[PDB]
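Note: hydrogens, waters and symmetry copies are ignored here, and every other heavy atom, side chains too, is used. Here is the naming used below: chain letters follow the sequence lines, and residue numbers restart at 1 for every chain.
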Amino acid sequence: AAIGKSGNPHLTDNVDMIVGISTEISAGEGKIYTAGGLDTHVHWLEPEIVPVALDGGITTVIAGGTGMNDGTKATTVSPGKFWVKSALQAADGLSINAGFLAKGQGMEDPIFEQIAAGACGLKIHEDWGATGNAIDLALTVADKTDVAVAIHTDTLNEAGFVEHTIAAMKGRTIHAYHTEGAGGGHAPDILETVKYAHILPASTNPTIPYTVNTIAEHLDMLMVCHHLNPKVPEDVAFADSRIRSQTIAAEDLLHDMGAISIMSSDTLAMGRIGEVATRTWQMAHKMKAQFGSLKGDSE
Amino acid sequence: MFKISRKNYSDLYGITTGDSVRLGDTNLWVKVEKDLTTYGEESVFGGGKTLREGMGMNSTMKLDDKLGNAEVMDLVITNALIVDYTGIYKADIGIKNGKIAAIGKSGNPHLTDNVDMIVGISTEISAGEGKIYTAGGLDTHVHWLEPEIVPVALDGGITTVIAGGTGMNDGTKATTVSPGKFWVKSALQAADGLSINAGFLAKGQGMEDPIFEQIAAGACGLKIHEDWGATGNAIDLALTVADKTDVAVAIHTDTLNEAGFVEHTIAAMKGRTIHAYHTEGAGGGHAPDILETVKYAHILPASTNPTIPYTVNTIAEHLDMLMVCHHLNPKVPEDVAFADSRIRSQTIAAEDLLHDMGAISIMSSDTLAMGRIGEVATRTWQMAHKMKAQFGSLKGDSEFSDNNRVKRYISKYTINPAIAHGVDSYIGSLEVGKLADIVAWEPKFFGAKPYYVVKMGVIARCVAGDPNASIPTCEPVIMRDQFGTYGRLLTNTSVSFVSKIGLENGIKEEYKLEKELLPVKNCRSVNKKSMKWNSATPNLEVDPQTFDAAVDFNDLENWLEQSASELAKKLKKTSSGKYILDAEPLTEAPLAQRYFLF
Amino acid sequence: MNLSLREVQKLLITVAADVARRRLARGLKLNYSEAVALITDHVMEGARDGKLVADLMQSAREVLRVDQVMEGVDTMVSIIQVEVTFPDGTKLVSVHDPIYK
Amino acid sequence: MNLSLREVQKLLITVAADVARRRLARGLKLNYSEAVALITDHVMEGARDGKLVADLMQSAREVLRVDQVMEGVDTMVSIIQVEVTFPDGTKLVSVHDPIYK
Amino acid sequence: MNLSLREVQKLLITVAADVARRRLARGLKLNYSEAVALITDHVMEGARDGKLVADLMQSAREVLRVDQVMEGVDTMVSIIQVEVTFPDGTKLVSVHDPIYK
Amino acid sequence: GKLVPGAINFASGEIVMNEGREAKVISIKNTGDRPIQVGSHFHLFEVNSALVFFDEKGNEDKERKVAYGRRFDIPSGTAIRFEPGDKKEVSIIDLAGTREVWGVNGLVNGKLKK
Amino acid sequence: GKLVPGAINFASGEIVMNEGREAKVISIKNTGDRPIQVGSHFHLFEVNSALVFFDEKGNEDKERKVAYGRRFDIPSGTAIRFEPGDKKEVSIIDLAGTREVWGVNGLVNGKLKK
Ligand code: NI
Ligand code: NI
Ligand code: NI
Ligand code: NI
């Protein structure tokens with residue numbers, strides 16, 4: 001209701017908010033107060049992500065999924081009216097602010113009926129097919145319904161390169177999930193989305209601290225996630241070209257410059273929901289240790 | 001057109017027709033009887049895989065659209081190995097509106113021939129390749145004592161309980177009885193906030209009016225326990241009300257023979273169907289010939305799990321149980337005589353053979369009074385393992401195919417208990433039109449630890465790890481409550497079973513129940529011949545002096561791969577032309593210390 | 001690990017018995033809860049070893065003497081009961097008057 | 001202590017691994033859960049020590065031999081995964097076929 | 001055992017302090033949570049032994065030195081408070097600046 | 001032998017995928033500077049424009065007339081990878097069902113021309 | 001002495017049960033081949049048919065007139081066990097209250113005949 005000086009106007013000057021008989025007091029002296037964090041890349045897999053997120057300073061999730069199903073394990077998608085309703089009903093008994101995303105694929109009517117069921121946005125994942133038609137029709141429906149669109153772009157470049165996806169966007173605003181591309185996205189130039197004015201680029205926390213343990217951890221992550229046998233040349237070629245120290249290192253600097261705007265987690269699919277703030281500040285630490293004070297800052 | 005080896009095929013989609021997989025660490029094998037897919041058109045979800053927009057996933061039809069008889073599903077389980085009384089086979093499972101809507105081939109009809117269920121935009125995918133899927137189990141002998149039996153039951157693959165009780169009261173500690181309108185209402189109100197299907201039994205004693213009003217209050221059946229008095233009047237009058245109200249009746253017969261012998265109890269039934277709880281009689285029942293109920297057509301015989309695996313530790317464990325349960329002082333001759341004539345290795349061992357024959361149809365637990373709610377499935381397959389080891393393959397089975405035995409045993413805790421209490425039209429098997437109560441098992445964990453438990457298309461409990469982890473398989477990997485236990489989803493993914501008269505009385509509004517109430521039906525018209533694979537009625541006689549249990553020579557026919565004549569050379573002969581059912585107790589069991597911490 | 005709920009809650013006994021075991025080593029006389037936990041852990045680990053149920057009902061009575069517990073604790077522990085996974089499956093072990101002599 | 005939920009729940013691994021270690025010290029062949037808990041505890045303590053992730057992926061495969069576990073357990077433990085706080089933050093360690101030779 | 005909820009929840013301290021003690025034995029510098037858990041466990045076991053409250057408030061300050069914890073941890077642990085069952089009933093023990101010198 | 005929980009026993013014989021669906025052998029070349037990978041059921045007529053098709057006689061097919069209405073003849077859910085500058089021989093088969101393609105790249109969005 | 005938590009101190013004297021209820025001494029014989037045990041408040045007229053009653057003079061009573069409207073004179077909740085072929089002397093007393101038996105074996109289901 002107010003931000004300023006509290007007390008009794010009867011005895012004190014310039015009182016903006018009144019401590020009265022019906023007022024409770026919390027002593028914030030010596031403590032730092034921030035707004036609750038938002039995690040916009042959450043796989044809706046198990047309920048105990050809620051207490052973990054609150055343990056990390058997160059009060060709101062924009063999630064998608066059906067529980068411990070493989071489709072949810074891969075993508076943040078609550079497909080259709082049944083699963084959107086189930087997500088809302090489950091969130092009704094959890095202490096967190098929640099919105100949910102539907103499947104951004106197919107023709108106009110199947111996409112629209114998901115939004116009519118209450119979905120606050122759409123997620124385009126390549127595991128469901130991140131093609132030009134999907135991008136175009138999801139964006140059309142979102143423009144008709146005033147909801148957001150997030151994308152997990154085609155990593156295989158199967159239906160086109162990154163420029164094909166950008167052209168299919170047609171200048172409509174999109175939310176670029178994990179734009180660095182370690183866990184998914186056009187190999188290897190998805191990071192270039194940070195140059196376009198109609199894209200909101202977001203990063204997931206697993207790569208956000210570039211650390212000594214990142215490369216081996218992520219390489220084994222990929223060898224496990226897609227059953228990549230380290231004996232067939234195709235799997236090793238697809239993995240070694242997908243975990244790049246170059247883009248992982250450049251992502252932190254892009255965050256420091258302000259080229260990447262949003263921090264997220266990719267909960268229980270590639271990242272950690274309880275660390276969104278932590279790693280963020282860790283990144284802010286690392287940059288300061290390596291490039292000094294940001295412009296306008298002092299000792 | 002090309003060719004693929006079976007090993008490479010199973011790596012991609014799981015095993016197919018002709019292949020066999022071992023159930024856990026037991027000696028049992030199940031062989032794929034048929035495959036409902038088309039080779040080269042399997043539905044697989046993943047990055048750059050079949051189920052994507054326009055390729056394997058239809059992109060035009062809406063959730064309510066139809067193309068022929070096919071519909072867009074809410075959830076499809078691809079490449080599931082179904083183990084059911086109907087068969088053991090590979091197929092996709094389609095779930096819509098919380099029910100099994102289709103079993104067959106999934107995909108996009110625009111690109112694939114013979115599509116029975118359509119993967120559409122509003123469809124979620126669960127990859128069932130390499131895993132075994134069975135219907136959720138039913139536990140029909142549960143004492144309603146503490147709420148934590150629900151997560152334990154789900155950890156054992158049990159999705160439905162037919163229970164009775166009032167909490168931790170001594171009446172409930174002894175009997176499965178929710179007495180009267182209040183305690184039936186309290187049981188339904190408490191169940192309203194638990195993720196399990198539940199129905200409750202009232203007190204089957206007294207005159208017609210006191211019994212009837214309990215059923216009008218919503219009780220789905222009646223339990224006759226000797227601790228309340230299992231007399232002739234109680235048996236007659238409880239059955240009279242149940243026939244008027246179409247509810248089931250279960251009995252804990254008079255152990256003391258105080259008002260008659262077992263024949264007196266049978267005569268009072270007058271041919272009306274009854275559910276014989278723990279018919280072996282270790283924990284209660286006419287001493288010592290209660291096991292003879294397996295010969296009557298109007299009796300559905302059930303066993304509780306504590307005695308079901310006859311093991312080296314059974315007698316010592318059970319002998320001490322009664323001395324504590326009924327304060328039997330081992331200093332007065334009456335207490336010892338009452339217990340020494342009640343724990344009989346003869347009937348305990350013979351009970352296992354009757355299960356293998358199909359004479360006993362239902363497996364149960366007797367939760368927290370004599371048995372274990374989390375071990376209904378585990379001890380069922382342990383007994384199946386023991387019978388194979390001691391008597392060989394069941395009739396019609398082969399080296400890598402125990403399908404006949406598996407179907408017979410899985411029926412004991414899935415479909416036969418459902419038929420007995422009249423809920424088989426809703427649950428009890430994996431068939432179209434039934435509730436989507438599905439339990440997934442990894443084959444190395446089959447019968448010990450389920451992979452996930454689905455309640456009406458929504459996962460209620462599953463194996464899951466560190467919520468902060470980057471992947472859902474990080475230690476500590478434990479069984480955790482899922483979204484199906486939260487919010488309105490808790491009251492959307494399970495039901496309460498009540499009597500028809502109670503449902504017509506508007507108990508849902510009166511009790512302020514949020515769950516859907518489903519009425520039981522066809523409880524009176526079923527008998528022993530209704531049970532699947534367990535409709536045998538051998539001429540079982542228990543010797544009043546030696547407690548031996550014997551059957552006729554023809555009762556051993558069509559049982560095992562070895563003929564009755566060969567079996568006649570191993571079972572002992574009585575003075576008459578009968579053969580004593582017996583076997584050595586098990587020393588090491590599967591689904592055991594190899595799996596469970598403590 | 002794939003721990004069911006019944007396995008997880010039994011880890012409570014392990015920690016409580018560990019507390020009792022350390023306190024006994026310091027020369028402390030065990031109270032009611034410490035004594036029950038220590039005797040239970042002997043039964044649980046004995047069943048894991050493969051002992052018979054009958055053996056454990058007798059050997060659990062030699063874990064603690066009267067002089068190793070506080071006054072009146074021996075009369076308070078009338079019975080201890082716990083179910084463990086034996087080689088042949090889960091079985092119940094009941095210990096009658098474990099703290100005697 | 002100011003323990004978050006993940007920290008609290010990770011103590012279950014510690015307790016289960018203590019149970020497994022005591023049972024191994026008695027000459028018992030470990031089952032699936034005991035082996036998994038012991039390997040996970042090794043990984044967690046190594047991460048606390050400051051080892052690299054790859055070093056732990058390689059060294060968690062020497063905690064248990066095939067002859068120290070029950071028959072079939074080595075084929076049962078295909079992979080073990082756990083996330084720990086390394087000096088540089090939280091990292092995931094995955095051990096493939098830890099029980100060999 | 002007949003454990004009340006507070007007794008059950010106090011076993012978390014026992015487990016965390018066991019972890020801290022084992023890590024201290026390996027020569028590791030303890031962090032905030034490990035130091036707090038170890039000091040709390042010392043206080044709890046001393047109260048079980050029968051020490052006076054003042055004795056514990058003074059002796060919990062010698063459990064850990066500054067050199068045995070990570071930099072800044074000594075300034076982080078301003079106070080540690082815990083309630084234990086002394087011979088005369090439940091009492092509160094507060095330790096002020098336990099990590100000094 | 002060794003007791004392996006959940007062991008698998010295989011039957012005798014091989015499995016025939018896409019039986020009765022005659023396949024054609026063609027060539028695909030990646031002309032872009034980034035790798036491409038195409039799944040089994042992706043409509044080959046709508047793949048990345050950097051892919052160049054060569055018909056059964058080896059001649060280049062600029063209008064992709066050989067790829068119209070066809071997919072790879074490979075196990076369902078698998079994929080074929082083309083590195084930059086790489087040219088692979090592949091096997092293709094006609095699509096089945098009602099033979100309509102909706103979505104993908106929006107190049108058909110209807111019944112395939114007969 | 002020794003501190004026993006929840007110890008019991010007993011008063012001086014015995015407790016007289018069923019005071020004023022004069023008891024009759026009769027005999028019951030089990031003729032079946034299985035044991036029979038009868039509770040304190042069970043209507044003795046409706047016990048197992050294998051039990052054979054003998055009146056206070058020792059003569060057999062085929063119609064159980066000595067057991068009509070009577071129960072055992074034993075502590076409430078206890079029972080008397082009859083092994084096969086065993087004949088015990090027992091003490092019985094008349095039922096109290098409004099003297100109606102409803103249920104049991106359904107032999108009375110109403111007021112006892114006066
Ligand atoms: Ni993604
Ligand atoms: Ni994601
Ligand atoms: Ni019973
Ligand atoms: Ni019972």
[X] versus chain C, the contacting section by heavy-atom distance below 4.5 Å:
X        : value
B:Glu375 : side chain
B:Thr378 : neither
B:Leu597 : both
B:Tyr595 : backbone
B:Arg594 : neither
B:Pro476 : both

Indicate yes or no: at least one non-hydrogen side-chain atom of C:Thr90 is less than 4.5 angstrom from one of B:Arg379.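 SC-SC contact between C:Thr90 and B:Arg379 confirmed.
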In the structure I gave you, are the side-chain heavy atoms of B:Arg372 and C:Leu92 within less than 4.5 Å of one another anywhere?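 The answer is yes, as the side chains (C-beta and beyond) meet within the 4.5 Å cut-off.
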Determine, stepwise, if the pair C:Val93 / B:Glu317 fulfils side-chain contact (heavy atoms from CB on, under 4.5 Å). CA-CA 7 Å; C:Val93 176; B:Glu317 166 204 46; over 6 Å; no
If you check every heavy atom in residues 1-26 of chain C against those of chain B, which residues fall under 4.5 Å?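 So far as heavy atoms go, C:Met1, C:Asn2, C:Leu3, C:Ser4, C:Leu5, C:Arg6, C:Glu7, C:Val8, C:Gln9, C:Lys10, C:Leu11, C:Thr14 are the residues that approach chain B to under 4.5 Å.
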With a 4.5 Å heavy-atom cut-off (strictly below), which parts of residues 320-329 of chain B touch chain C? List them by number.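 Contacts with chain C: B:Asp320, B:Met321, B:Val324.
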If you count heavy-atom pairs under 4.5 Å between each of B:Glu148, B:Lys449, B:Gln382 and chain C, which one has the most?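 That would be B:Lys449.
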Find the one option among B:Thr311, B:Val477, B:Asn313 whose heavy-atom pairs under 4.5 Å with chain C are most numerous.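 So the answer, after comparing B:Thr311, B:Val477, B:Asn313, is B:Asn313.
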Can you name the nearest heavy-atom pair linking C:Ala54 to B:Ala316, along with the distance?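 For C:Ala54 versus B:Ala316, the nearest heavy atoms are CB-CB, 4.4 Å.
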Just by modelled atom types, is the C:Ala47 backbone N or O under 3.5 Å from a matching donor or acceptor in the B:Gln593 side chain?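 Such a contact is found between B:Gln593 side chain and C:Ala47 backbone.
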Can you tell me how far CZ of B:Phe596 sits from CZ of C:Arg48, rounded to the nearest 0.5 angstrom?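 CZ of B:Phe596 is found 13.5 Å from CZ of C:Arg48.
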Is B:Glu588 atom CD crowded by more than 12 heavy atoms from other residues, nucleotides or ligands, each under 6.0 Å away?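 It does not: B:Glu588 CD has 12 such atoms or fewer within range.
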Determine, stepwise, if the pair B:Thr587 / C:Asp88 fulfils side-chain contact (heavy atoms from CB on, under 4.5 Å). CA-CA 6 Å; B:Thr587 302; C:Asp88 55 290; over 6 Å; no
